[PDB]
Amino acid sequence: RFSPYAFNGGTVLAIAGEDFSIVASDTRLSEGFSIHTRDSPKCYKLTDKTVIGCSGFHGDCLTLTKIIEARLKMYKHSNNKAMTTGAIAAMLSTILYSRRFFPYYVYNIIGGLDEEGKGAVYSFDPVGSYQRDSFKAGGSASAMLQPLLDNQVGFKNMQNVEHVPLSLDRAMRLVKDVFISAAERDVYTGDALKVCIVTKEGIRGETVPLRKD
Amino acid sequence: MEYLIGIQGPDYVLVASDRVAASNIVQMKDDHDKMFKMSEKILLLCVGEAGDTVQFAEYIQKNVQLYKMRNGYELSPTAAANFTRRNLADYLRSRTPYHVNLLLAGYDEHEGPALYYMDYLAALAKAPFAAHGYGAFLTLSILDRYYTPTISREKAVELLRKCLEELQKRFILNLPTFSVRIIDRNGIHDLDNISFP
Amino acid sequence: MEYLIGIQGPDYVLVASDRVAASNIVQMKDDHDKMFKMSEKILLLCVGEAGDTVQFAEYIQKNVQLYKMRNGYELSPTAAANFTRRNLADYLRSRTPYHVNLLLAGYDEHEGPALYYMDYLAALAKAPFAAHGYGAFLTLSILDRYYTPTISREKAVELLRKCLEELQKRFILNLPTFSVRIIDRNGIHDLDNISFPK
Amino acid sequence: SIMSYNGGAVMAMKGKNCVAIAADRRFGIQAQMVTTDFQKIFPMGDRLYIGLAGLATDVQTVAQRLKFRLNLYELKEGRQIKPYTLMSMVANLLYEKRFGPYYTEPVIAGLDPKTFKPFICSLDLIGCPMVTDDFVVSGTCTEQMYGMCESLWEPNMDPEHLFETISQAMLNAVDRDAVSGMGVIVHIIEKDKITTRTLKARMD
Amino acid sequence: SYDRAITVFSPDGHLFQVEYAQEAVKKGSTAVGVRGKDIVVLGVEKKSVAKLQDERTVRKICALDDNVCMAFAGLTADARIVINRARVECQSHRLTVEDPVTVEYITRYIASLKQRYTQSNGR
Amino acid sequence: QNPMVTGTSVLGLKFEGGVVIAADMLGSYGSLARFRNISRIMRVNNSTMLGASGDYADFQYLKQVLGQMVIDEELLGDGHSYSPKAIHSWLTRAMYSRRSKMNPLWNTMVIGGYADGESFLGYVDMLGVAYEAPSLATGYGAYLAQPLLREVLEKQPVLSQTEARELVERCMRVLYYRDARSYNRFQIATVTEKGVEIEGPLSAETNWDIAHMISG
Amino acid sequence: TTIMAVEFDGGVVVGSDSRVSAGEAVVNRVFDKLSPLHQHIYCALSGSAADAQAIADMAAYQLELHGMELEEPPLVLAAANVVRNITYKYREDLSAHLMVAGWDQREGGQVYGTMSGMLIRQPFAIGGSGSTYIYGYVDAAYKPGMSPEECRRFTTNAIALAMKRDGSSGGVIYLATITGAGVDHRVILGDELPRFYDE
Amino acid sequence: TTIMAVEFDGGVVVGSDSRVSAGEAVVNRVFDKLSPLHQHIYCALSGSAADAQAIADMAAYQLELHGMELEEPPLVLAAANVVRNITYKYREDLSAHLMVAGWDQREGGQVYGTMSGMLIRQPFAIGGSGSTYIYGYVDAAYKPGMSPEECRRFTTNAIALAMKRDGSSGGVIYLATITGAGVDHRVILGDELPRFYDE
Amino acid sequence: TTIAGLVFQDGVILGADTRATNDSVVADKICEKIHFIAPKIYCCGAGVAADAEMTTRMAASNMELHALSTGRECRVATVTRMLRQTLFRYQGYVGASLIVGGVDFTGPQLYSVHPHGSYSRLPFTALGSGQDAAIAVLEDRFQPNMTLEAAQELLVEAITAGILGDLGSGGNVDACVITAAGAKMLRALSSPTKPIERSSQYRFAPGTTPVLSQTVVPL
Amino acid sequence: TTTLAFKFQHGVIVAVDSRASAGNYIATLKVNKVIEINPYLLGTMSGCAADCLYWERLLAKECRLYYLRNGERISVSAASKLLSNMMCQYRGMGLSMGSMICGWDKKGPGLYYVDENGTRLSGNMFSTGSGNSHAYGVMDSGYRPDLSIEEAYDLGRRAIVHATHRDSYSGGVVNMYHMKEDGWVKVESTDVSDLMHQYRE
């Protein structure tokens, strides 16, 4: 018959530091065993302080992004100000939920800085539940990324070790290395990397090379 | 499945029900009262799907209370039975089917005592005694044996205790405590709750 | 579903089970005894599909009794556990799958008390206490809270009465009466049946 | 799937002259725990172990067949088994079942009895032998254990560092798995001796 | 349907339809009431009694609920509507809120009906 | 759903200062080759070029709609003409809105165009999946001529107009060999700054002489 | 897949296409569907290749013993029955379809459709999924008593019409002329294929 | 069901078979599949009769207004589009397939396959379930620039080949020659049907 | 999975890809798909992992019995029959798809065997998931009678186009060259992606391990 | 997902765990299931995380509309009825939510259980979630209405601690919310694993 949803792969990783929030994703867009194109950025920009990733069916990633960017302007025109990171989460929770009976298949991870200037990451589900966390992942490689962060970021399972808040200098090499580890062992990840770092100054996009196979 | 019962005496209607509210493998609420009072002398007993019982039987309780305020006199137990049917019947073919099982028990100044049976397909029946649930198979047999139209309240409660204590032996579900109420010319009257500690 | 339980004390193994035999909406037999005696100090507790419990657990009772007559000494509770598994495991892929849940409770002159858990897929586990059925969810929590390795049989029966009387409140099925037995160096010993005259 | 019924995790990582194999202690049925004493790692004799994961029936069923076939092999031969030969045994054991396969993914770790030579490998339901120079994992959490072992593993490590590496590899990978947990048992195979340690892990 | 403005403003700002409606009240049957301590009393005078009438069916003191009663003075054809609309709200309140109806809650709903019918098209 | 006259693979690849799109002239009903002369490449305005795959009955519907879209645009004469990115983003919504209603147009389209010195080659899909790539193919072209195009673009990212058509003729030649529903006659439509120009029906010189090797 | 055979005085001409396709993709571009069962006997494969190559080999074996033990070339009716028994026995499991054509010292040229476990002798026979489109060419253009030069031009013209309409057929035509002198194996390359209405 | 149309200088020849069959049984033995949409325009029905007679009547209506309001005979391209819009809009519910052929004062003879909601102008067109059996006769025997006497003999020979192979086709051939002078209705009875290879 | 083969003037060349995946993960990054049947005969598995291995083991063992029995160079046409009648015996349940090639004294011969038993002689072919990519490169640049020095690049470029363009193929490129002398194996002949570097070591100091049951067994 | 509540002399106590997982892989860890509504009203979370989170925001919306309109500070009994009536219109469309509403009204320490299909039950003791059965055992272990404040929390801890220990889909940290006449107050958020090795020694 007709199968409306296909899995296009993709991987999203967010880390909320004290002064920074990093949202990174790969470029590979692939349906089935074939690669359509090796540049398809998952990271999309909403406001200056907010970057949203979309991991899932690519047609919903394109539609949902145009719906969000439409309601950013509906808010900015009505309220004469940009949406806060917490407001984008609460809105997109109701946007994803209005589809409850024919859901969007996507994994949204919103990250950036809140009113306090601190990294705020909101991870969603296709049905629109959301909760704040220091680090989240998504997509096919989400299962590989999370255990690595529980150790380095969370200092779990280690007795008598000091807890130092993660530094951007260690966060850059932490995001790059988990993908170098994930792109190897995952077939849906590779061919390139985009890191969009959200600080108080602005968004800085950094591209990293990954295994091409 | 939850359990209902009713008995019609000459001057009275003696109804009883189980107080258990159960979900999955556990009993959530053991004091849950399934007896809904439509009017002064008119009761109602609803069991079925957990959500459809309270949702539907409250639509009736308001239409009955509304009728008494409009015309100044309450419905008779006969009219209240045929009204609950048509609502439950119209909801069958629509997109919101109700699954319920009703007992309408009432007393009337003229018609006297009345007891009505109803299934989830809204087929109304007026019987001297009736029961619902899986406990209706282990009980109505006992009611067949000991029931008489001349029975007295004193015997009825004693007769009701013979039925309800046999759900503790054969019937698999717990059902520790049973609520009991009686209706007469003086209105509804509560009776000592049958309890098997 | 039928209910089993067991408790391992230092010198003893205290097991209990429900006496109900139920079919459809009625209780056929309220005194039905689910405790199968494999050997002197070795019991067995089997619940599951009504026909598979008695059929399988009798195949074990004979193989255990046969071993004692061949070599002159009974099986230890350890060997009797790994034997019931392989038979129940070999069935799985054959054309006659058994659906059962076992508890092997025994005492040994050397190894001491032992209690074994088993599911219908024949995965053997040795636990200090175990339970089967839907009543195993409402019970093993209570056992977690009051159990201690130093418990005494005076406390154990009192502890067992705390668990079994809570199947009368939350648990939906009747289960009026519970059989109880205890095992020690002197062999199996019956205890006063816990009964709640509803 | 079916191998997700009882859950479970097995890991093996190769060092320089030593190997280490680890597995969790949890035995449960779907969403319900039973006991924490379950054993997923079995001795094949001196300096050779094998882990097993997947359905808990086949863990104990396949293992009892190996000690059956191993003890026959070690009595016929005048020597202990090589870890490379054992890989092909378990591969032949699982492949004869091709049309009614055991549900399990064996993980073999040990030392070549010759002198120092370490060896590890992993298998599948059908038993395709797979030899790796770094690590092998099997279980329902396998996806977790890839990322942990990728970053932590190094070409040559002394025994002290294997344990620290494989400990944090399991503990962190299991915490994100629902059906695995309840403590981890870690074995260390050296040339001189064998060190067994049961870690204290979150009970959940 | 018929949608047209009946109630409209005037050069003096007065609503004619609302003022003429109050003129209907200005000739009613006189209705009074007072508040005591534990008791409250209502009263009405009927000049239309010829002794041929049935006093029960012409009673202008009604009861919206067990805890609330009411009277009215004005055109009696319109009262049967508001009352039958208020009695529906009393029972729908007990269905929404298990508590009985507050005297103020049913007075708001009676007022919200007299509003909507002022601004609605063709009423 | 119903098997009504599917198309076949559509090749395209952007070269220096232009875009070339090759498509078979064969309409295919089931496994048949039924309509052997059809134009599957539509000219859209001056600067953009469309050709499609999948259901052909849905291609003449979009041929009719995009016809009105462009004609209605010319009627105003405002000077605005749809860029191939607008034609691409418009189809992405048409494909998606039909999808969300569970009544999709079963089709795959490749939009070529050259505007403002920027060559736009683009891709949409039934499900709404849409992107932009230097080389595209649909159906089994993505499994066949796609690694032929990528293997050239990795070594030579810059292709001329003469090298382009030569590589297109080779890739159409491979599809004629390796694709069951393909056919020998095809159109090569090359859009440049001079405007859309659709070359006549062409063919491929084929070397079958390996048939003698297999024999011996 | 399109196979064809035509009967004339001295012998038979066995034509076939080449292309083998699994689904909508082409496994093998040049493939020989004529597998000799015996010196003068040829079998044109059709249907499932895995099932047809098994039946063609089993038929080439059972018939090989028949050739040795009789110390004489087998007939074509013998070859058609060995193929029929294998096809009908396994007909649930094997979806293969064959065609047997050859020459003998007794009856001369013969052609036998083995389709689905049945057997017919036919003056001309067509098979495969591409057969259906040429049921109008072989009815009209066919005439009895054609010379070998006319038959090869009739078989070539016919299959060339099937390859153009069929998507599962195509490639080069194979032609084997089997007579009493021997077997002439030709190959018709794409440039030699007779041209027919292009549009 | 087999329908055919051929284009020549002065006009077009629209051929068809007769037999209408539901399943393996014959509902109607003699049935006219040519339903004129206008004076010089004729539509050859195909596929589901209930769906085709509805589309042929709706197309004969919408086009009738087009004829009156313009006070001029409509073109054939106008007739092919009215049929295409109805076929594509309902394509889920209606399984019908039509063929539109006729003559006009501008372009002359024209033939348009409407199949499944698409549109093509063709020099000769065949349709129906029986059309799959001859693509080989219409590829070979067809030549450009045929006289009306040759076209009618080409259409008659072609359909006569389809009726013999198709089980869902048969009966008498209808032939309508549409030219500028008028429309010549001809019926080819079974005794006039051209004989081909019998076996 | 991408495997391919090519016939040139003096012999044949068999390539393969080294990556093996279960579901979507990379289980092993270095794997041998080219197996050893006879000294001058090889083959390439594509399919179910073990079904393409165990199958070539049975053939490699049968051909060793046959070579010792006769005392003659193994014919390529024989290996094809053994793999063909074994796979067809299992009614396609085995998913092994093989490319058999080698040089006997009949001259260079390259077959291919599909999981259901369908085998075709030919000059060139490719199987696996990335077969559509490799064949397309073979079709275009092929031509009969190639020298050996020019025959290696066309196969490398055939598989590399099947690795880089497929999600099921990765790692290095194995190649096996066969001639009259024959038996020349080149392992990891091509490396499409060189960089593998992972510098930021996570190695940490021992001494944080909430460990309980520690014990030591001497040997 | 394990959740429980009970009321006694000094008022209600609510206890939940933090973990919400999808399949065998744990999605998040510290997720807060208990949903705050009013100052003195407190909801819970069971079933689909997005469904009950959405609809208990409408209840937070309707309770404010009630308090703004009437000013009567809605009772726990009515707030439980609003959440059921909203879920009854969408019945059959696959909404899965459990819930409990706690609070102190003029009547007393009301506690209710509102379900996906409209089940509305007052009562003394409740528990929901997948590990609900494991909670009733420890709660029925001799809980009494006469317990003091400190003795009551010790039961709330020890209930979830033993509930998540037996359940693989329940775990994380225990969130405990006491209830009073004025409003709820958070007692503690404590890791289960750290409480295990306490009660184990």
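Residues numbered from 1 in each chain as written, not as in the entry; some residues may be left out. Chains lettered and ligands numbered in written order. Part of a larger assembly, values for the part shown. Heavy atoms only, no water.

This entry, as listed in the PDB, derives from cryo-EM and reports a resolution of 3.3 Å.

### Brief notes about the overall build of chain I
Scanning chain I for helices and strands turns up four helices and twelve strands. Each principal axis of the C-alpha atoms in chain I carries an extent, and together these give about 70 × 40 × 35 Å. The contacts of chain I with a sequence gap of at least 6 include a subset with a gap of at least 24, amounting to 61%. For chain I, the exposed surface amounts to about 9000 Å²; the carbon and sulfur share of it is 53%. Of the charged side chains in chain I, 17 are positive and 19 negative, and the gap between their average positions amounts to 5 Å. (Helix = DSSP H or I, 4+ residues; strand = E, 2+ residues; numbered from the N terminus. Contact = heavy atoms within 4.5 Å. Areas by Shrake-Rupley, 256 points an atom, 1.4 Å probe, with all protein chains shown as cover. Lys, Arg positive; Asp, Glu negative; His and termini not counted. Charge placed at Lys NZ, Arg CZ, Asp CG, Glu CD.)

### Describing the overall build of chain B
Of the regular secondary structure elements, chain B holds four helices and 13 strands. Computed over its C-alpha atoms, the radius of gyration of chain B comes to 16 Å, within 12% of the 16 Å expected for a compact globule of 197 residues. Out of the 197 residues in chain B, the part that is buried amounts to 57%. For chain B, contacts bridging at least 24 residues in sequence account for 61% of all contacts bridging at least 6. Of the accessible surface of chain B, which amounts to about 8900 Å², a share of 46% is contributed by carbon and sulfur atoms. Put simply, chain B has 22 plus and 24 minus side-chain charges, and the middle of one group is 3 Å from the middle of the other. (Rg over C-alpha atoms; globule rule 2.2 N^0.38 Å. Buried < 20%, exposed > 50% of the residue type's maximum accessible area, 1.4 Å probe, protein only.)

### Looking at the sheet that holds strand β12 (residues 183-188) of chain H
Residue and element names in this part refer to chain H. With antiparallel pairing, five strands are arranged side by side in an open sheet as β10-β1-β2-β11-β12. Each edge of the open sheet is held by one strand with a lone partner, namely β10 (124-127) and β12. When the angles between neighbouring strand axes are averaged without regard to direction, this sheet yields 10°. Across six bridges, the pairing between strand β11 (residues 173-178) and β12 is antiparallel. Paired with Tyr174 across the strands is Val187, a residue of β12. (Pairing = 2+ DSSP bridges. Axes fitted to C-alpha atoms, helices over the stretch in contact; angles between N-to-C directions.)

### What to know about the interface of chain B and chain E
With seven residues of chain B at the contact, the number on the chain E side is ten residues. In total, about 810 Å² of surface goes out of reach between chain B and chain E, with carbon and sulfur atoms giving 65% of it. Linking chain B with chain E are two residue pairs in polar contact, by the criterion used here. (Buried area = accessible area lost by both parts, 1.4 Å probe. Polar contact = N/O pair within 3.5 Å; in protein donor to acceptor, adjacent residues only side chain to side chain.)

### Remarks on the sheet that holds strand β9 (residues 124-126) of chain B
Residue and element names in this part refer to chain B. Read from one edge to the other, the open sheet built from five strands follows the order β5-β6-β7-β8-β9, with strand pairing classed as antiparallel. At either end of the open sheet lies a strand with only one pairing partner, and these are β5 (35-37) and β9. If you compare each strand with its neighbour and ignore which way they point, the axes differ by 25° on average. Contacts between helix α1 (residues 50-71) and the sheet are confined to β5, β6 (42-48) and β7 (100-106), with β6 contributing the most and set at about 155° to the helix. Together, β6, β7, β8 (114-118) and β9 form the strand contacts of helix α2 (residues 77-90), whose direction differs from that of β8 by roughly 10°.

### Remarks on the packing of aromatic side chains
The geometry of an aromatic ring pair is captured by the separation of the ring centres together with the interplanar angle, meaning the angle of the planes. All chains considered together, the criterion is met by 50 aromatic pairs over all chains. Consider the rings of D:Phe27 and D:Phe38, whose centres lie 5.3 Å apart with planes at 25°: the pair is stacked. Here D:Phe27 is found in strand β3 (residues 27-29), whereas its partner D:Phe38 is found in the loop between β4 (32-35) and β5 (41-43), with eleven residues between them in sequence. For the pair formed by D:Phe27 and D:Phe38, the shared burial category is buried. Grouped by ring-pair contacts, the aromatic residues G:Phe124, G:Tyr137, G:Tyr142, G:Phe154, G:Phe196 and H:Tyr197 constitute a single cluster. A cation over an aromatic ring shows up here: C:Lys162 above the ring of C:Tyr146, its NZ or CZ 4.6 Å from the ring centre. (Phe/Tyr/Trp six-rings, centres within 6.5 Å; stacked < 30°, edge-to-face > 60°. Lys NZ or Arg CZ within 6 Å of the ring centre and 35° of its normal.)

### Here we look at the UniProt feature "active site" in chain I
Residue and element names in this part refer to chain I. On the UniProt side, "active site" is annotated at positions that read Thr1 here. Here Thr1 is to be found in the segment before β1 (2-7). With near-sequence residues (within four places) excluded, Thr1 lies in contact with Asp17, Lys33, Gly45, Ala46, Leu127, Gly128, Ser129, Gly130, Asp166, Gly168 and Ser169. (UniProt positions renumbered as here; feature names shortened; annotations may be inferred.)

### Some words on the side chain of G:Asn28
For G:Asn28, the position within the fold is in strand β4 (residues 25-28). Within the structure, G:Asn28 has its side chain in polar contact with the side chain of I:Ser120 (distance 3.2 Å).

### Things to note about the arrangement of the chains
Across the 17 pairs of chains in contact, the largest number of contacts is found between chains D and I. The two units chain D and chain E never meet; even their closest C-alpha atoms stay 39 Å apart. Chain H makes no contact with chain D, the minimum C-alpha separation between the two being 39 Å.

### With respect to the packing of α1(B) against α2(B)
The angle between the axes and the distance between the axes are what describe a pair of packed helices. Residue and element names in this part refer to chain B. At a closest axis distance of 11 Å, the pairing of α1 and α2 adopts a crossing angle of 135°. The pairing of α1 with α2 is recorded here as oblique in orientation. Here α1 runs over α2; the crossing is right-handed. Contact residues: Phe56, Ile60 and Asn63 in α1; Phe83, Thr84, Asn87 and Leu88 in α2. Here the contact of α1 with α2 is built from residues that sort into four nonpolar, three polar and no charged. (Parallel < 35°, antiparallel > 145°, perpendicular 65-115°, else oblique. Left-handed = near helix turned anticlockwise from the far one by under 90°. Nonpolar A, V, L, I, M, F, W, Y, C, P; charged D, E, K, R; others polar.)

### Topic: the environment of F:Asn37
Structurally, the position occupied by F:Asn37 is in the loop between β2 (18-24) and β3 (41-44). By relative accessible area, F:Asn37 is classed as partly exposed at 37%. Taking the C-alpha atoms as reference, F:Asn37 lies 21 Å from F:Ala137; in sequence the two are 100 residues apart. Excluding residues that lie within four positions of it along the chain, F:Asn37 makes contacts with F:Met25 and G:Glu199.

### Details of a nonpolar patch on the surface
Side chains of D:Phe99, I:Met58, I:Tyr90 and I:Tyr93 sit close together on the surface and give an oily, nonpolar patch of about 490 Å² of accessible area. Here I:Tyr93 lies in the loop between α2 (76-89) and β7 (97-104). (Patch = residues over 30% accessible without salt bridge, like charges linked within 9 Å, V, L, I, M, F, W, Y side chains within 5 Å. Salt bridge = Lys/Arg side-chain N within 4 Å of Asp/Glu carboxyl O.)

### Describing a negative patch on the surface
A surface patch of like charges, here negative, comprises F:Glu205, F:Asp209, G:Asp191 and G:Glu192. For F:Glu205, the position within the fold is in the loop between β10 (195-198) and α5 (210-215). The class for F:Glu205 is exposed, based on a relative accessible area of 72%.

### Quick look at the interface of chain D and chain I
Between chain D and chain I, the contact holds 32 residues from the first and 31 residues from the second. The junction of chain D with chain I conceals about 3000 Å² of combined surface from both sides, 60% of it contributed by carbon and sulfur atoms. Of all residues in chain D, the largest losses of buried area upon contact with chain I belong to D:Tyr95, D:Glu154 and D:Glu164, amounting jointly to 17% of the total for that side. Linking chain D with chain I are two salt bridges, by the criterion used here. Among the ionic pairs, D:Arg98 bridges to I:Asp51, the shortest N-O distance being 2.7 Å. For the pair chain D and chain I, the interface holds eight residue pairs in polar contact. In terms of residues, the side of chain D that touches chain I owes the most to one element, strand β12 (residues 193-199) of chain D, which gives seven residues.

### Observations concerning the pattern of salt bridges
Taken as a whole and judged by the stated rule, the model has 66 salt bridges over all chains. Between B:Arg181 and B:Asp33 there is a salt bridge, with its nearest N and O atoms 2.8 Å apart. With a gap of 148 residues between them, B:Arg181 in strand β11 (residues 177-184) and B:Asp33 in the loop between β4 (26-29) and β5 connect regions that are remote in the sequence. By relative accessible area, B:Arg181 is classed as buried at 14%. H:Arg91 is the salt-bridge partner of F:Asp58, the closest N and O atoms lying 3.1 Å from each other. Residue F:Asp58 is found in helix α1 (residues 57-76), and its partner H:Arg91 is found in the loop between α2 (76-89) and β7 (97-102); the two belong to separate chains. In the salt-bridge network here, residues are joined through shared partners; they are D:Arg202, D:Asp204, J:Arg19 and J:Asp191.

### Some remarks on empty space enclosed by the protein
Applying the stated criterion across every chain, the model contains ten cavities of 30 Å³ or more. Examining the composition of the lining of the largest cavity, we find that three residues originate from one element, helix α4 (residues 159-175) of chain D, more than from any other. Looking at the lining of the largest cavity residue by residue, the class counts come to seven nonpolar, four polar and five charged. The space that makes up the second largest cavity amounts to roughly 100 Å³. Taken together, 13 residues line the second largest cavity, and the ones lying closest to its centre are G:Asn28, G:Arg29, I:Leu122, I:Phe124 and I:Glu139. At the level of secondary structure, the elements contributing two or more residues to the lining of the second largest cavity comprise α5 of chain F, β4 of chain G together with β9 (124-128) and α3 (131-141) of chain I. (1 Å grid on protein atoms, 1.4 Å probe; cavity = no way out; pocket = protein on both sides within 12 Å on 5 of 7 lines; lining within 4 Å. Points joined across faces, edges and corners; volume = space filled by probe spheres on them.)

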